[PDB]
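Shown next, in structure tokens, is the structure this report addresses.
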Amino acid sequence: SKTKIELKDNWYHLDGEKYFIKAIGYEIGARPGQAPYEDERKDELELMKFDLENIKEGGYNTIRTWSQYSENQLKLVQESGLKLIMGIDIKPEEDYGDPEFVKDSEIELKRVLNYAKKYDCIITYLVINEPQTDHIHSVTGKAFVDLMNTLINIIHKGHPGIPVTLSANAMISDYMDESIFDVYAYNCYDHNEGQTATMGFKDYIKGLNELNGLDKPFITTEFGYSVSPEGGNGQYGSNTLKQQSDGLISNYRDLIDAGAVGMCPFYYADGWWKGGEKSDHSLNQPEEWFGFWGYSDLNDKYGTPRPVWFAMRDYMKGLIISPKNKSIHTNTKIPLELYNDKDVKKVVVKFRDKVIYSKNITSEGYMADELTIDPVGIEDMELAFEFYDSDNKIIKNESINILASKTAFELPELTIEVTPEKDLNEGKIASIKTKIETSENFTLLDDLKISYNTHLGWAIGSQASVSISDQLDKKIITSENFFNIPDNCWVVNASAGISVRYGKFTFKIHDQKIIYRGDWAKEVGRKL
Ligand SMILES: OC[C@H]1O[C@@H](O[C@@H]2[C@@H](O)[C@H](O)O[C@H](CO)[C@H]2O)[C@H](O)[C@@H](O)[C@@H]1O
């Protein structure tokens, strides 16, 4: 008798009960000295026993991977208690349309499945990681889908039961249809730039989930921050340990708020190989410093935990899935949803230091109820959640800010008209006409931000800060911005957004148009 997994109301279930995937990225054979994709493959049991046990005490219930485990490695997972999201090493840079590569992939995957289908710890297969957009233009979208369909199908027959999705990047693969997959999944990174400066992290991602069709569970497959001594750009690289531990937390909430029902924070331990030399901890190589664990010197096989690890541990102990922070509620009944580890014996919610909800938790896991509020007019509220343990000692505080009311109300809204509208072949030069309907009591602030993200690699393309000082009086704020269209830009994410305040409650308002060049995206691009 083995785990049964079904997805409905957009949640993983595990033998009937909702399961919230509290995962971490993990990669064996990547200690200082090692390169995982270059070295002769070894199981590495002795270190896996150490790591898995750490990841257990670390507060997680799942591990996410990029590369397929052997049978011997699976056994150690299976035994651990931990769930697995297993990546299949399909080189992103290969010609997906090359028959030889397809055949090798079919044969490789089939060999893994032949043993992996006896390990019920596997709760998701990731079919590929970070497929790049120029690449897919070159080898054709047709090739890309046909592969995914081959691979998906093979896994369905080969390991029946188990969701298949891909680890696509939110910031370059926003345009991509994922309806062929059993789950929506994205690698999410918040560098307050391009799309994530316009919409903000929560809404950006949330809007992909909404464009996707809100018909399947949504998970994050990566998110985090590098603590390199130097190097990178903006938030990408060169964060302090404080900033890392604090962004990981600001990521979590924001992504749940976007509606994720599974989380894979990025990377247990550093990997000195990611920056060019397995034996050097390059000081200006961001990729080498993503770990929650860091190695001391070349000789260290173990590492020690950075601050982020203790913060993540503690924060995971009681998750609020609803209400979502920065949610708007035109009602007096607030859906409540928690996932609680076995240590949370009580949960209370306060508003202005008065109790409005108080449930004693009898069993762990998912748990739903309702909160009654009494909002006057339009009322921002910080709801203040408190998780208690057996001795009745608070172990987590977390606050959810809502903007609530008993009746409907207007918000200001921002919409954009983009040139060309439909087909980038229609001109060399683009425009974004932003338009902001203001609303009284709602205060716009600082700077409207514009972004014509041209998808060229990781390059986030043009951006702009437009002051609206001189238009505050007006009901309708307007702004026309131009951009050179690159010849080799295949798709673009035109967006704009501005911050908005009501009392203590701030949120961005924004719009987004994803526009293509000719019909190259006919297959791979999201429909409807
Ligand atoms: O080392 C773990 C795996 O890292 C992957 O790259 C990550 C990207 O998917 C993600 O978008 O960004 C992070 C940090 O910015 C990258 O580390 C590699 O593609 C995998 O090969 C590797 O196993």
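Sequential numbering of the sequence shown, starting at 3, is according to the entry's author numbering. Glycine included, every Cβ here is placed at the ideal spot set by N, Cα and C.
Close CB contacts of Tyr-454 within its chain, under the 7 Å cut and outside five residues either way in sequence, are with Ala-432, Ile-434, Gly-463, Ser-464, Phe-485, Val-494 and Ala-496 (chain order). The Cβ atoms of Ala-25 and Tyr-62 lie closer than 8 Å to each other. Looking at the backbone, the Cα of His-158 and that of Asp-106 are separated by about 18 Å.
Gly-160 places its beta carbon 8 Å or farther from that of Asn-131. The alpha helix (DSSP H) runs lying completely inside the region 52-94 and spanning 4 residues or more are 73-82, given in chain order.
Non-local beta-carbon contacts of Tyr-98 in its own chain, meaning distances under 6 Å to residues more than five positions away in sequence, involve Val-141, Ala-145, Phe-146 and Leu-149 in chain order. Secondary structure at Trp-311: helix, using DSSP grouped into helix, strand and coil. Taken through DSSP and simplified to helix, strand or coil, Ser-407 comes out as coil. Taking a 10 Å sphere around the C-beta of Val-357, we find fewer than 16 other C-beta atoms and assign the residue as exposed. Here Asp-17 is exposed: its Cβ has fewer than 16 other Cβ atoms, across all protein chains shown, within 10 Å. Straight across, the Cα-Cα distance linking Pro-307 with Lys-395 is about 25 Å. Not one heavy atom of ligand 1 sits closer than 7 Å to the Cβ of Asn-486.
For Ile-182, the closest alpha carbon among the candidates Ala-172, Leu-405 and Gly-215 is that of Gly-215. Around the beta carbon of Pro-101, fewer than 16 other beta carbons sit within 10 angstroms, so the residue counts as exposed.
In terms of Cα proximity to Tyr-368, the closest of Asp-343, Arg-354 and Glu-384 is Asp-343. Contact annotation, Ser-481 with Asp-448: C-beta distance approximately 14 Å; criterion of less than 8 Å not satisfied. For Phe-509, same chain residues with a beta-carbon under 7 Å away, outside a window of 5 residues either side, are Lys-328 and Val-502 in chain order. The beta carbon of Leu-49 sits closer than 8 Å to those of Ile-30, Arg-33 and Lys-303, all from its chain and outside the five residues before and after it, given in chain order. If you draw a straight line from the Cα of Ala-498 to the Cα of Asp-45, it is about 48 Å long. In this chain, the beta strand (DSSP E) harbouring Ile-322 covers 320-324. When the alpha-carbon of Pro-488 is set against those of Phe-507, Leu-426 and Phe-444, the nearest one is in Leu-426. Distance from the C-beta of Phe-353 to the nearest heavy atom of ligand 1 is not below 7 Å.
The shortest C-alpha to C-alpha distance from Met-314 to any of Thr-332, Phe-294 and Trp-68 is the one to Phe-294. Sequence-distant partners of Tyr-121 (beyond 5 residues in either direction) whose C-beta falls short of 6 Å from its own C-beta, in its chain, are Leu-76 and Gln-80. For secondary structure counted as the beta strand (DSSP E) over 3 or more consecutive residues, the region 405-448 holds these complete runs in sequence order: 415-421 and 431-439. Under the 8 Å Cβ criterion, the region 161-168 does not count as touching the region 284-291, having fewer than three qualifying pairs. With contacts defined by Cβ atoms closer than 8 Å, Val-263 and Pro-219 form a contacting pair. With respect to the 8 Å criterion, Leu-213 and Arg-519 are not classified as neighbours on the basis of their beta carbons. Distances from the alpha-carbon of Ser-175 to those of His-457, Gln-514 and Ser-298 put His-457 closest. The beta carbons of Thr-332 and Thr-409 sit about 7 Å from each other, so the pair counts as a contact at 8 Å. When the Cα atoms are used, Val-420 and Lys-515 turn out to be separated by approximately 8 Å. Assignment of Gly-196 by DSSP, reduced to helix, strand and coil, places it in the coil class. The C-beta distance from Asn-211 to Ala-260 rounds to 6 Å, short enough to meet the 8 Å contact threshold. Put simply, the backbone Cα of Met-318 is about 31 Å away from that of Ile-154.
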